[PDB]
């Protein structure tokens, strides 16, 4: 199955995944892609992506990640979120490296890691 973890280990996707996280110092669990939500298909403008998410096993609500990957162009963008135990403040790290992400793409990644995308599989299609 297509998960953040299989993308991180895949022969033809691993270097792209390593570039996406390059310089971001993300937790080991992301690559282990243990607890994950099934990939959903989302369309932005005139391109389609598989949007996936995953979170820290046994502390899922505290650390989570979302990735948007185009099976056609092999291109991927992501978002990492950590919630501070002390303030409940949420710190987001955008995994861009391409500067290709749009406002809707940011929203779709946030919907994925929060859980709205799973709850409304076809509610985040913004076609052109």
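Positions refer to the first chain, counted from 1.
When the C-alpha B-factors of 39-47 and 63-71 are averaged, 39-47 comes out higher. Higher mean CA B-factor, judged across 74-82 and 24-32 from the recorded values: 24-32. Within the listed group 53, 96, 102, 93, the record reports its top CA B-factor for 96. In this PDB entry, residue 106 carries a Cα temperature factor that places it within the lowest third of its chain's modelled residues. In the PDB entry, a CA B factor belonging to the lowest third of its chain's modelled residues is recorded for residue 19. Split the chain's modelled residues into thirds by C-alpha temperature factor. Residue 114 is in the lowest one.
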